[PDB]
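The structure appears below as structure tokens.
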Amino acid sequence: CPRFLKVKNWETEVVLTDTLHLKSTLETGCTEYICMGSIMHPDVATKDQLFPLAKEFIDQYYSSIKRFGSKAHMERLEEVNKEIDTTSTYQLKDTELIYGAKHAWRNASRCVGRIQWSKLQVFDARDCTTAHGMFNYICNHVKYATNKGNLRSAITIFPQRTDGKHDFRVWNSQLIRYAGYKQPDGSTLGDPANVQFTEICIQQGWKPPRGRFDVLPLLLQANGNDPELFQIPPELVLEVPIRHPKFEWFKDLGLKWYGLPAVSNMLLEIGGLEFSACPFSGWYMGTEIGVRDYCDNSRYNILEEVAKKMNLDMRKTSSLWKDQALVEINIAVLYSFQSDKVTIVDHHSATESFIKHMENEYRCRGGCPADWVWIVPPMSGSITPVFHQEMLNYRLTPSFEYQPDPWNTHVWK
Amino acid sequence: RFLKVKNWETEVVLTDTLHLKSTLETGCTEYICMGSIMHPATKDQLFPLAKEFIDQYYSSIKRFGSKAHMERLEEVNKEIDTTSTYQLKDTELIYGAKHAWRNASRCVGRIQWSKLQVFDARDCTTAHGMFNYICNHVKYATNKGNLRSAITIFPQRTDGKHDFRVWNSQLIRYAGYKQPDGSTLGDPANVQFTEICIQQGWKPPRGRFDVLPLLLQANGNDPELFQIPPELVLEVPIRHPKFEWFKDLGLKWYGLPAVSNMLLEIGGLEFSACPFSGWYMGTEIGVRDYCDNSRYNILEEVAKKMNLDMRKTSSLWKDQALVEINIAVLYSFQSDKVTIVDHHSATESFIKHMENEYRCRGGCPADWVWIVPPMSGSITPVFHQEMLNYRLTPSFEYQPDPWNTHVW
Ligand code: HEM
Ligand code: HEM
Ligand SMILES: Cc1cc(CCNCc2ccc3ccc(N)nc3c2)ccc1C#N
Ligand SMILES: Cc1cc(CCNCc2ccc3ccc(N)nc3c2)ccc1C#N
Ligand SMILES: C[C@H](O)[C@H](O)[C@H]1CNc2nc(N)[nH]c(=O)c2N1
Ligand SMILES: C[C@H](O)[C@H](O)[C@H]1CNc2nc(N)[nH]c(=O)c2N1
Ligand SMILES: [Zn+2]
């Protein structure tokens, strides 16, 4: 590979030079003859697989703290090496855990919020043994991160994978999400994205209120055991009713959303160690709710209803009634969060901050991997600066990864 | 291997085999994706390329290994041997041109690919000739508002010193002027080209929407200036169906998007001059041309007139203004009976096209970064459509601006 790759911004003419891509560790899925950049997704580590992965990470940590080649560095290498030899795995120090979590975020190509990467509260839950204990750790996380509306980015990290039959898993895709219910007539109540998970919860014993915005229970698996249900205390679940600054009728739509986006189904990989339960949270970009959650056809799908209340001509697509309604909905989401003082960022601010982050990263780190397809917001793409910015995408480690759904793999006891 | 693409909204899963055919590089590697980067002969090289193309042409007309097929390969071989090149048949030319369009991974309008009027201009020898061919193209394609896709193909490259080139980036574009106070009048995208026209003798009206002259290079000679006859230039005054004040902005655009700086490659042959044209998707003008910061940049002016609060970005004043502008553009073109497609309609057609191509051809190369419209992305079906990008030939390629290579 070429040592220097250039990216250009076609709006500002600014040219950046990437050297960091040489540290790329895994495959993107693309080849020389085909690009898979719009594909959504294109038994444990053996001792010999584990050695060089650990060393790579340890070197990286010690390089970051300006102690590369030091006695403490060489000693840590030796201690790790001996641990893998005698136990087939190793345990990270707290400092290394914190560094690795922050870097998984820093390395997340698809995240437009990474300017904040170094400000991440890390909770070490590696001493947790039961699903009840996971619940306790999770409640504390939610309360800390919510902070009465002044959100704080955080991650809680449960014990790493051992033999793969003792995995810790949060079965929820996010800590807070709304139930979806399929009706006998084929219609869907609540959030259609969550129907499958909802059915599992009901089967596991959950009594469903069967409403439109029912906060799902936690379904928590510890040490490879069967998962257990827990209700999050409602006072810990911060929600915002959606209203519009001009349209008095908007509140009559009865919409609301939760303040804390807290993804709980990813896998954190550090130094070849695998943390299958590592729920993390930041705060929302408005479009996540206003465009995707509300206006996707396979989600809440509210465009028609809003357009009708806006008295728009909905007969021809060329009237842009959809686009017109889309903007008002996103105005409403941002207005409601700001009014209740719950942290949220609009897509203009977020993308402008990302450009500055990207430029800084190129300066100090020699690059910043970015997935344009994900970075560009789902509305008004070209009026944000990221649209015009060439990006290079590649995978650095530590990283957040997708993993299979736990109900697909779990061995029921 | 067979590759699958999934639509995440419909859950439809298509299977791509067509990608196995590509031999050209994309720029990405196993470790680095360049999907958002805008830009990632000899007898010996020439014959296999010719052979590949003849083969797929005769394969496409259901006569692979026919008597005609064998003879053509032999004929082409002799011609490359004895002349260092070869000439396409008319049929091959037309097939080649339609397929370059079909294979254009960045084009959302490809449902139309087989409907393309091909104007053969390979007998052209002078800039005056080029002008004549171009006028006929514009007149035919414009068709009084009922636009018709067309391509005019000028003689292929020989030694590189005698290229035919249309120096304009589009046949019809507006001039851009650098003002004493450092601002720009008209279209900033064309400031450089405009300056070259001025220096070559063009007397500029110095307005906001001055139709540029044609600057035409034939056979490697110095380019020459021509004024397109105004009656051939269809333009649309932009008004809004609800905001009576919108027409007071004095905005307009031309009806015919006619890209003129690309290179058409067929069977190893290079057509450095091949202006082609279709019709507009509204966002091209309403989002990019009008609202890009580096273009006409009208958002602030429009938002003023809408009396929006422009203090905080979270008011989404830009997004509001953007929608209204695009409403105006569509309404204006439609009211004037000038062909235009909205991004909802176009992306919808593109999905149907993809379905067609997977069914009959085994896939469809597509560049999601370009296919998804620059506004309202995820409320169009292409946002939710996984796409595989790969390079098939015949193709349209970029080439350098002629003023960076030409000696006078
Ligand atoms: C602090 C404010 C943050 C903002 C505004 C933000 C913004 C975003 C947005 C808008 C996306 C696209 C999500 C989607 O469309 O589904 C995203 C993706 C992502 N974010 Fe961030 N984020 C923040 C914090 C975090 C944190 C704290 C982490 C981890 C420590 C993180 C890691 C990721 C990852 C791994 C993805 C890719 C998600 C996927 O592939 O499904 N982000 N972020
Ligand atoms: C008939 C109606 C057509 C529509 C609605 C349409 C639509 C579009 C749009 C919106 C783009 C993106 C352009 C940009 O953002 O700059 C594009 C790209 C492209 N189109 Fe089409 N198009 C049409 C006809 C054609 C024709 C007739 C040809 C050639 C024979 C063609 C070949 C291409 C190529 C090569 C690109 C890529 C341009 C580049 O790489 O800069 N299209 N099309
Ligand atoms: C349909 C689908 C969607 C997704 C995106 C989920 N990722 C959301 C996410 C992740 C991290 C975030 C961090 C901050 C924030 N505001 N939003 C964040 C949102 C993944 C997989 C599939 C599948 N299959
Ligand atoms: C600034 C820049 C822009 C571009 C995109 C031009 N693509 C226009 C185009 C091409 C073909 C079209 C076909 C139909 C249509 N409606 N519009 C069509 C518009 C490429 C290179 C550079 C550079 N440097
Ligand atoms: C098909 C396409 O890859 C898919 O719809 C992607 C596009 N870009 C995205 N970008 C973000 N931020 N989030 C998404 O879910 C998606 N979906
Ligand atoms: C940097 C990025 O590749 C560039 O801005 C692209 C993005 N997608 C695009 N898509 C279309 N249709 N037209 C464009 O000019 C661009 N520009
Ligand atoms: Zn790629």
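What follows is calculated from the coordinates using simple rules that are stated; it is not laboratory data. Quick reminder, even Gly has a Cβ in these numbers, built from the backbone with ideal geometry, and neighbours come from all protein chains shown.
What to note about this one:
- Nitroxide proxy distance, nm - points 7 Å out along Cα→Cβ at B:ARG1 and A:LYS251: 5.5 nm
- The base-10 log of I(q)/I(0) for region B:140-217, evaluated at q = 0.19 Å⁻¹, reads -0.90 [Debye formula, identical scatterers on Cα atoms, solvent excluded].
- Shape annotation for chain A: C-alpha extents along the principal axes are 71, 59, 42 Å, from largest to smallest.
- For region B:1-113, the alpha carbon positions stretch 54, 31, 28 Å along the principal axes, listed from largest to smallest.
- Ordered by the number of other Cβ atoms lying within 10 Å of each residue's own Cβ, fewest first, B:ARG165, A:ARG161 fall into the sequence A:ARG161, B:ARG165.
- With K and R counted +1 and D and E -1, the other residues having a Cβ less than 15 Å from that of B:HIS353 yield a net charge of +3.
- Kirkwood Rh in Å, taken over region A:215-330 so that all alpha-carbon pairs contribute: 17.2 Å
- At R0 = 30 Å, FRET efficiency that the Cβ-Cβ distance of B:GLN87 and B:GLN192 yields, to 0.05: 0.30
- Straight-line cross-link reach from B:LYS178 at under 20 Å between alpha-carbon atoms covers these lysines, not counting any fewer than eight positions away in the same chain: B:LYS203.
- Computing FRET efficiency as 1/(1 + (r/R0)^6) for A:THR129 and A:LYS8, where r is the C-beta to C-beta distance and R0 is 51 Å, gives about 0.45.
- Pairs from the table (A:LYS66/A:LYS102; A:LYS308/A:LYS341; B:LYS78/B:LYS115) lying more than 24 angstrom apart at Cα are A:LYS308/A:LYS341; B:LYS78/B:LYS115.
- Nitroxide proxy distance, nm - points 7 Å out along Cα→Cβ at A:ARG210 and A:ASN136: 3.7 nm
- Backbone HN-Hα couplings from phi across region B:332-344 [Karplus 6.51/-1.76/1.60, Hz, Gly and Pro as x]: 4, 4, 4, 4, 8, 6, 10, 3, 7, 10, 7, 5, 5
- In terms of surrounding Cβ atoms within a 10 Å radius of their Cβ, A:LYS93, B:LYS318, A:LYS66 rank from fewest to most as A:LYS66, A:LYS93, B:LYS318.
- Global size of region B:106-181: 15.6, 49 Å for Rg and Dmax (C-alpha atoms, Rg to one decimal, Dmax whole).
- Taking amide H positions as modeled 1.01 Å from N, with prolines and chain starts lacking one, the residues under 5 Å from A:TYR284 and 5 or more places away or on another chain are A:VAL345.
- Normalised contact order of region B:47-182, rounded percent, pairs of Cα under 8 Å and 6 or more residues apart: 16 percent
- Distances between every pair of Cα atoms in the protein assembly as shown, grouped in 10 Å steps from 0 to the bin holding the largest one, split as 2, 11, 20, 23, 19, 13, 9, 3, 0 percent.
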